[PDB]
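Trainee: Taken in order, these protein sequences are the chains called A, B, C and D. The numbering of the first sequence is our numbering, which starts it at 108 and goes up by one. The numbering of the second sequence is our numbering, which starts it at 8 and goes up by one. The numbering of the third sequence is our numbering, which starts it at 95 and goes up by one. The numbering of the fourth sequence is our numbering, which starts it at 52 and goes up by one.
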Amino acid sequence: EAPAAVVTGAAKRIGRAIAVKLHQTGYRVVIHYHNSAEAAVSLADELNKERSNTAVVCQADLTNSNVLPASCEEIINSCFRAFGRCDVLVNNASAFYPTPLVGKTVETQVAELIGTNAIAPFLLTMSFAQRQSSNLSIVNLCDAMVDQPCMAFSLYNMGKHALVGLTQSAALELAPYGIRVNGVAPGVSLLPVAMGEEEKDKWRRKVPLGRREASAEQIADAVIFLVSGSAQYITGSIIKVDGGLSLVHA
Amino acid sequence: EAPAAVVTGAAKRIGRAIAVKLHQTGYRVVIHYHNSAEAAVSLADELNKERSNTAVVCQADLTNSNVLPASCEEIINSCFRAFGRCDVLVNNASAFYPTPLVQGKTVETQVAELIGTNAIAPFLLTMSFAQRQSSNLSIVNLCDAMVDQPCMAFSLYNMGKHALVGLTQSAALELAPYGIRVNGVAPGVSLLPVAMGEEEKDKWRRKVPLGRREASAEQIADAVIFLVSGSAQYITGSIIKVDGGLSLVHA
Amino acid sequence: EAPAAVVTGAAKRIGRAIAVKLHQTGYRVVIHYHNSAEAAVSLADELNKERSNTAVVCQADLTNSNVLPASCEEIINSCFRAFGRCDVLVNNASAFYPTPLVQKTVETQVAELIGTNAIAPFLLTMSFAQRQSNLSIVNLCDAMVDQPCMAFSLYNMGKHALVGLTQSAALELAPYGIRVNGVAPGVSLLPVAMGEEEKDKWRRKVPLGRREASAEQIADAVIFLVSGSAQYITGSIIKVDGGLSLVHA
Amino acid sequence: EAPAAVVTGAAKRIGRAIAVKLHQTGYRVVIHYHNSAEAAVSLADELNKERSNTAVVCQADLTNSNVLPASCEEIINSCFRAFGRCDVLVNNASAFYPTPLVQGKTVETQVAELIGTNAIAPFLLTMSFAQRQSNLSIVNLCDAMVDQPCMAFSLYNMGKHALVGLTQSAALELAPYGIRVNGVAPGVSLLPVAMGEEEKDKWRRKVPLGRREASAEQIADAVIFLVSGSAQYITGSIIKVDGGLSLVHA
Ligand SMILES: NC(=O)c1ccc[n+]([C@@H]2O[C@H](COP(=O)([O-])OP(=O)(O)OC[C@H]3O[C@@H](n4cnc5c(N)ncnc54)[C@H](OP(=O)(O)O)[C@@H]3O)[C@@H](O)[C@H]2O)c1
Ligand SMILES: NC(=O)c1ccc[n+]([C@@H]2O[C@H](COP(=O)([O-])OP(=O)(O)OC[C@H]3O[C@@H](n4cnc5c(N)ncnc54)[C@H](OP(=O)(O)O)[C@@H]3O)[C@@H](O)[C@H]2O)c1
Ligand SMILES: NC(=O)c1ccc[n+]([C@@H]2O[C@H](COP(=O)([O-])OP(=O)(O)OC[C@H]3O[C@@H](n4cnc5c(N)ncnc54)[C@H](OP(=O)(O)O)[C@@H]3O)[C@@H](O)[C@H]2O)c1
Ligand SMILES: NC(=O)c1ccc[n+]([C@@H]2O[C@H](COP(=O)([O-])OP(=O)(O)OC[C@H]3O[C@@H](n4cnc5c(N)ncnc54)[C@H](OP(=O)(O)O)[C@@H]3O)[C@@H](O)[C@H]2O)c1
Ligand SMILES: Cc1ccc(/C=C/c2[nH]c3nc(N)nc(N)c3c2C#N)cc1
Ligand SMILES: Cc1ccc(/C=C/c2[nH]c3nc(N)nc(N)c3c2C#N)cc1
Ligand SMILES: Cc1ccc(/C=C/c2[nH]c3nc(N)nc(N)c3c2C#N)cc1
Ligand SMILES: Cc1ccc(/C=C/c2[nH]c3nc(N)nc(N)c3c2C#N)cc1
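(1) Report the rounded CA-to-CA distance for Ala118 of chain A versus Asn171 of chain A, giving the unit in angstroms.
(2) Tell me the DSSP secondary structure of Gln31 of chain B in three-state form.
(3) Ignore the nearest five residues each way along the sequence and tell me which others in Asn224 of chain A's own chain have a CB closer than 6 Å to its CB.
(4) If we ignore side chains and look at the alpha-carbon of each, how far apart do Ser185 of chain D and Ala134 of chain C end up?
(5) Run down chain A in chain order and give the residues with a C-beta less than 9 Å from the C-beta of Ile231 of chain C.
(6) Mind listing which residues have their beta carbon within less than 6 Å of any non-hydrogen atom of ligand 2? Chain order is fine.
(7) Leaving aside the five residues before and after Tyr249 of chain C along the sequence, list all residues of the same chain whose C-beta is less than 6 Å from its C-beta, in chain order.
(8) Could you name the residues of chain C that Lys211 of chain D contacts, counting a contact when the two beta carbons are closer than 8 Å?
(9) What's the call for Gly210 of chain A, buried or exposed, on a 16-neighbour Cβ count within 10 Å?
(10) Using alpha carbons as the reference points, say which of D:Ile230, D:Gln199, D:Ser129 lies closest to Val190 of chain D.
(11) Taking 8 Å as the CB-CB cut-off, is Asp254 of chain A touching chain D?
(12) Please list the residues of the stretch 117-132 of chain B that have a C-beta atom closer than 8 Å to any C-beta atom in chain A, keeping them in chain order.
(13) Among B:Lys248, B:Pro184, B:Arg220, B:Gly237, which has the Cα closest to the Cα of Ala282 of chain D?
(14) In whole angstroms, give me the CA-to-CA distance for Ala111 of chain A and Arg158 of chain A.
(15) At 8 Å on the CB atoms, spell out the chain B contacts of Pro259 of chain D, in chain order.
(16) When you compare the CB of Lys291 of chain D with every CB in chain B, is at least one pair closer than 8 Å?
(17) Ligand 7 and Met153 of chain B: does the residue's C-beta get closer than 7 Å to at least one heavy atom of that ligand?
(18) Should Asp308 of chain A be labelled buried (16 or more other beta-carbon atoms within 10 Å of its own) or exposed?
(19) In whole angstroms, what separates the C-alpha of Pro194 of chain C from that of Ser247 of chain C?
(20) Decide if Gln131 of chain A is buried, meaning its Cβ has at least 16 other Cβ atoms within 10 Å, or exposed.
(21) Among A:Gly317, A:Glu305, A:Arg312, A:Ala327, which residue has its Cα nearest to the Cα of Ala292 of chain A?
(22) Measure from the C-beta of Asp229 of chain B to each C-beta in chain D and report whether the shortest distance is under 8 Å.
(23) Check whether the Cβ of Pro157 of chain B sits closer than 7 Å to any heavy atom of ligand 6, and report yes or no.
(24) Per DSSP, what kind of secondary structure is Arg64 of chain D in: helix, strand or coil?
(25) Flag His342 of chain C as yes if its beta-carbon sits less than 8 Å from any beta-carbon of chain B, otherwise no.
(26) Check whether the Cβ of residue 345 of chain C lies closer than 8 Å to any Cβ atom in chain B.
(27) Of the residues B:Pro105, B:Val231, B:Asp94, B:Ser223, which one's Cα is nearest the Cα of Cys150 of chain B?
(28) Who are the Cβ neighbours of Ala245 of chain C in its own chain at under 6 Å, not counting the five residues just before and after it?
(29) Considering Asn190 of chain B, what are the terminal residues of the beta strand (DSSP E) in which it resides?
(30) Let's test the definition: count the other Cβ atoms within 10 Å of the Cβ of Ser135 of chain B and tell me whether it reaches 16, buried, or not, exposed.
(31) Quick check on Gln224 of chain C: does DSSP put it in helix, strand or coil?
(32) Looking at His212 of chain D and ligand 6, is the gap between the Cβ and the nearest heavy atom below 7 Å?
(33) Establish whether the CB of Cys158 of chain B and some CB of chain C are separated by less than 8 Å.
(34) Indicate whether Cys179 of chain A and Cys186 of chain A have their beta-carbon atoms separated by less than 8 Å.
(35) Should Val139 of chain D be flagged as near chain C, meaning a C-beta pair shorter than 8 Å?
(36) Rounded to a whole number of angstroms, what is the C-alpha to C-alpha distance between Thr113 of chain B and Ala177 of chain A?
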């Protein structure tokens with residue numbers, strides 16, 4: 108019987124590439140999404156055309172609120188409902204936008220940025236663990252630039268920092284259950300859809316290795332390694348996939 | 008005239024020691040507190056006996072909620088109402104307790120308290136502090152030296168302290184144009200919990216290379232004093248461990 | 095045609111496992127050794143029995159000295175001689191023993207511990223680059239460098255300098271398409287000299303399974319880093335430590 | 052009786068600023084120098100005119116060789132000869148120049164100088180200081196940009212990374228003797244005398260806090276903190292004095 112993985116924010120971009128590779132590797136997948144219903148349903152279609160009954164979608168808002176724990180339990184429950192098991196959790200979904208110190212209220216920005224990047228991963232990790240020849244693991248999508256952050260992204264960066272602490276704390280606490288917890292930290296990969304071509308090229312030219320951003324697939328490759336049998340002694344590790352960008356001084 | 012500092016969670020233990028040292032240094036102080044009114048007031052009275060009209064108290068819950076931003080604004084405003092200025096913010100207040108991943112407070116409450124006190128409140132206080140701005144303005148965040156070797160079953164606390172490092176770095180960068188420096192002090196084992204058996208306290212003490220003893224509140228306060236001083240005027244985004252070498256000790 | 099890899103200190107233990115896995119992946123290998131000629135040759139014999147003329151041995155002391163640069167150049171040269179290319183360098187050879195601050199001369203200890211763990215890797219990295227596809231270097235680091243063993247200052251200094259080399263070389267060689275990464279074991283194969291009871295004390299500390307990494311688990315991370323699956327990865331040091339570095343005192 | 056300190060490479064620039072500040076705080080000082088005899092003597096004369104018999108010079112090459120241990124022992128002996136004690140060691144002396152990996156001194160001389168001055172001499176001076184033994188401490192001058200290094204400075208960077216390891220190893224090992232071991236990490240402070248103004252300004256413009264390099268005095272201030280009774284629980288800590296430079300991405 109095939110293992111099963113949940114990938115959050117899997118309709119588009121990096122999450123999608125992660126879901127596709129897991130699926131190509133033999134996993135059944137839960138394609139979590141928030142707003143991208145069309146693209147989620149379309150991906151599950153593609154995947155199920157390749158192997159019947161191997162992909163399902165699951166909608167949820169991962170903003171912090173008093174119902175977030177229920178929503179996160181339900182995401183994990185959805186994997187058990189579809190597939191009878193849950194072997195891998197990929198915490199990929201993420202809000203990302205500036206919150207300068209000097210439309211949304213600051214309460215909402217806190218809820219969204221810290222919820223998606225930190226609190227929801229924690230709650231999903233709880234629910235994953237609670238529900239548990241096995242290779243169980245969690246991969247959190249971190250950020251290679253968290254000690255050299257973008258200007259005016261304090262809430263986002265706080266979330267990704269918290270995500271590092273989660274990675275370490277959960278690796279430690281879940282090791283006795285045979286659950287490994289690790290990270291993959293892109294530098295610049297697929298640039299924001301809203302970002303102009305001038306800015307995108309400014310970022311590309313900063314990367315030592317190729318003067319280009321990572322493909323979604325290059326990020327996915329490292330996720331695939333961490334969940335694989337070739338990483339069974341690896342826990343609490345965060346693998347940069349940044350083409351050297353974090354090594355470059357101002 | 009004398010500069011002014013806000014210290015959160017200043018009624019007792021480390022926060023108290025910071026407030027006393029800042030006051031001894033010449034600062035007027037806002038003593039923020041949550042539940043410890045009697046201790047906050049007795050500290051304010053002691054300091055005002057020393058120098059009249061140099062200490063006030065300010066009560067607020069720093070749990071995450073819809074009203075936290077207003078509460079944090081009001082804390083900063085209280086320093087301005089009392090003293091006409093606000094030169095230093097010390098983010099010290101902190102909830103601390105285990106939140107195991109596997110099995111009275113609901114988890115959403117534990118999130119609100121642990122992430123709100125250790126991270127979100129610091130961020131909102133930082134905004135408000137900066138929004139209100141020979142000056143020497145700075146922020147000191149009380150971090151945790153053991154953040155990469157955490158206690159078992161303290162994920163939310165540890166997430167909170169990691170977020171606080173992120174804030175220290177993001178705010179140091181963003182506020183540097185305004186002359187506001189943002190730094191941290193990271194205790195390892197300082198004052199142990201009050202009811203903790205001495206025999207348990209000794210297990211921790213024995214781990215500390217430098218003297219097999221916890222740091223006093225005053226030793227922690229000394230590093231805060233340095234960071235706010237004229238001797239640290241090029242220092243920003245730095246987190247100073249005050250841990251007796253504890254974080255260098257392998258399992 | 096098949097790529098080629100140089101593995102230092104490859105006759106035994108972790109370097110042997112790295113050599114074997116690279117060979118199994120289709121690499122031709124140079125098996126470097128200092129004192130372990132019999133073991134290096136027996137490994138070569140085994141690999142060459144699988145696939146003829148795909149493994150050679152190369153002797154060198156990697157202690158720092160006036161001749162270390164020339165010896166390093168010759169290690170790289172030996173790979174070009176045997177196989178006509180050098181795609182992969184694994185810096186694995188390492189001296190490891192205590193150097194207490196308060197009481198071999200100390201300068202010999204400096205030469206061995208800093209030479210093997212840092213200077214030879216730097217020299218080999220220069221020679222490898224000077225001669226220059228999926229090119230990469232993997233340096234064998236140490237997950238416990240920030241929580242070091244008591245009385246191992248020079249060893250620790252050397253492993254710290256190797257982190258610095260990994261990062262400086264990743265930056266500098268990126269224009270040549272040469273990636274430079276690290277693998278950091280915690281406790282893997284314990285020293286042969288170490289008493290059994292002492293070995294169990296280390297094993298007990300590891301969160302994930304209360305045991306040491308096999309040499310093959312270390313080798314697995316090396317394989318990933320040299321693979322096409324890691325082509326955007328440079329400057330990265332992957333811990334393979336079963337969570338040991340996360341455990342407080 | 053006044054405490055005594057050894058400052059390596061103290062004739063000029065940051066090491067002079069450190070010796071001066073320690074002197075102003077009440078220390079007697081050994082001003083170590085290599086080539087800068089005239090400057091070393093000029094400094095010692097100034098300090099001695101402020102307080103008679105409180106400064107001496109001490110010549111030594113700190114390049115690695117088989118006699119470097121003897122030279123480092125002698126630097127510590129010189130402090131005991133002059134002053135009867137040695138309370139503080141400041142490892143400031145440093146060679147600094149590029150060593151490109153792909154293409155003058157031989158490479159082995161570059162290793163001896165860059166690794167010697169930045170790491171091996173500090174290690175040997177630490178052994179000698181400890182062997183000879185209140186508020187005892189060592190402060191190592193590190194480099195805040197060691198994880199975002201300058202292009203073509205691998206050996207220098209290797210040396211500064213080794214120095215971080217010594218700071219940590221020695222803090223652990225010398226704690227039971229009450230010897231604290233810490234570091235101070237400038238980012239951009241006094242630029243090299245051969246750098247032209249335009250190039251200096253390129254560096255200065257990178258610094259978030261004031262668009263300017265640290266003064267020598269600012270570096271010295273952090274040293275003085277770490278040696279003081281205000282840091283008596285601090286050991287194994289490295290204080291960045293970089294005006295935020297290490298936080299600025301490419
Ligand atoms: N792209 C990069 O260069 C880069 C760099 C560093 C780190 N990373 C990290 O790698 C991961 C993937 O990056 P990416 O650029 O592919 O991400 P992205 O497109 O910015 O976000 C991925 C998905 O997150 C989901 N999401 C956002 N807000 C949500 C909410 N409130 N509730 C539920 N889901 C929500 C969205 O789902 P819907 O579309 O379904 O609404 C979105 O498609 C992220 O964790 C990111 O922080 C990326
Ligand atoms: N003690 C240590 O060994 C140690 C180690 C590492 C880091 N640190 C850090 O150093 C700081 C000081 O430590 P400590 O042991 O002195 O702290 P503490 O005694 O545990 O807490 C300090 C104060 O935090 C305030 N606080 C708690 N929850 C709050 C809430 N919901 N809203 C508002 N205020 C709240 C409390 O105020 P009231 O009493 O007025 O309710 C309390 O007195 C903390 O940031 C801590 O994390 C300490
Ligand atoms: N084992 C662990 O738990 C562990 C933990 C952390 C890091 N590591 C790192 O992982 C790598 C492999 O570890 P290991 O335990 O397999 O190593 P090892 O058995 O200690 O040493 C590997 C080889 O290093 C070579 N070597 C030693 N001194 C040399 C010199 N002066 N010149 C040339 N070669 C020399 C030896 O080759 P000859 O036998 O041919 O003389 C030896 O067989 C090392 O870099 C180590 O520092 C290992
Ligand atoms: N300046 C900066 O922006 C900066 C940035 C990062 C870190 N730092 C660190 O802070 C410290 C002080 O910086 P700096 O710029 O003042 O240093 P510096 O002027 O470059 O060098 C200081 C002294 O090192 C001594 N030295 C050099 N090679 C030597 C050898 N072979 N033997 C003995 N002594 C030797 C020289 O003494 P003589 O003149 O007597 O020959 C020189 O005056 C250094 O450790 C440095 O790496 C500085
Ligand atoms: C210096 C620097 C600092 C931070 C970054 C972060 C990149 C980044 N993180 C993201 N997270 C989400 N959810 N979506 C994204 N599109 C990104 C993104 C980019 N680009 C990139 C560079
Ligand atoms: C391995 C290890 C990990 C974390 C610690 C942190 C101790 C600590 N943090 C605290 N925060 C608050 N708000 N109050 C406290 N009493 C502590 C505390 C202790 N004791 C100490 C040791
Ligand atoms: C707390 C801690 C600190 C350092 C270590 C290092 C382990 C280690 N490094 C080695 N290097 C070489 N060349 N050979 C080895 N046998 C080891 C080794 C072990 N065991 C392990 C644990
Ligand atoms: C991105 C970056 C990386 C490294 C630096 C280090 C500057 C630096 N280090 C030095 N060491 C010695 N012995 N002398 C110096 N003059 C420097 C120096 C400068 N400038 C500055 C910036």
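Just so you know, even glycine gets a beta-carbon here, dropped at the ideal spot from N, CA and C.
Mentor: With the given structure in hand:
(1) 21 Å
(2) helix
(3) Setting aside the 5 residues that flank it on each side, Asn224 of chain A is surrounded in the same chain by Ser201, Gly266, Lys267, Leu270, each with a C-beta closer than 6 Å to its C-beta; the list follows chain order.
(4) 55 Å
(5) Going along chain A, no residue has its Cβ under 9 Å from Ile231 of chain C, so there is no contact; the nearest lies around 13 Å.
(6) B:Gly16, B:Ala18, B:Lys19, B:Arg20, B:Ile21, B:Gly22, B:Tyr40, B:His41, B:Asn42, B:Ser43, B:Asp68, B:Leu69, B:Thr70, B:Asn99, B:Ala100, B:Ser101, B:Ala102, B:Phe103, B:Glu120, B:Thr124, B:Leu149, B:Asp151, B:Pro194, B:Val196, B:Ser197, B:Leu198
(7) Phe190, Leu207
(8) Chain C residues near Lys211 of chain D: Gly258.
(9) exposed
(10) D:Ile230
(11) Judged by the 8 Å Cβ criterion, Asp254 of chain A is in contact with chain D.
(12) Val118, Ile122, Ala126, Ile127, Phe130, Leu131
(13) B:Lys248
(14) 13 Å
(15) Here the neighbours are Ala179, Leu180, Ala183, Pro184, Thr243.
(16) yes
(17) No, ligand 7 has no heavy atom inside 7 Å of this Cβ.
(18) So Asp308 of chain A ends up on the exposed side.
(19) 7 Å
(20) Label assigned to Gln131 of chain A: exposed.
(21) A:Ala327
(22) yes
(23) Relative to ligand 6, the nearest heavy atom lies less than 7 Å away from the CB of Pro157 of chain B.
(24) Helix at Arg64 of chain D.
(25) yes
(26) Residue 345 of chain C lies beyond the stretch modelled for chain C, which goes from 95 to 343, so this question has no answer here.
(27) B:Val231
(28) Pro192, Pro194
(29) 188-194
(30) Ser135 of chain B counts as buried, since no fewer than 16 other beta carbons sit within 10 angstroms of its beta carbon.
(31) helix
(32) no
(33) yes
(34) A distance of 8 Å or more separates the beta carbons of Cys179 of chain A and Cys186 of chain A.
(35) no
(36) 12 Å
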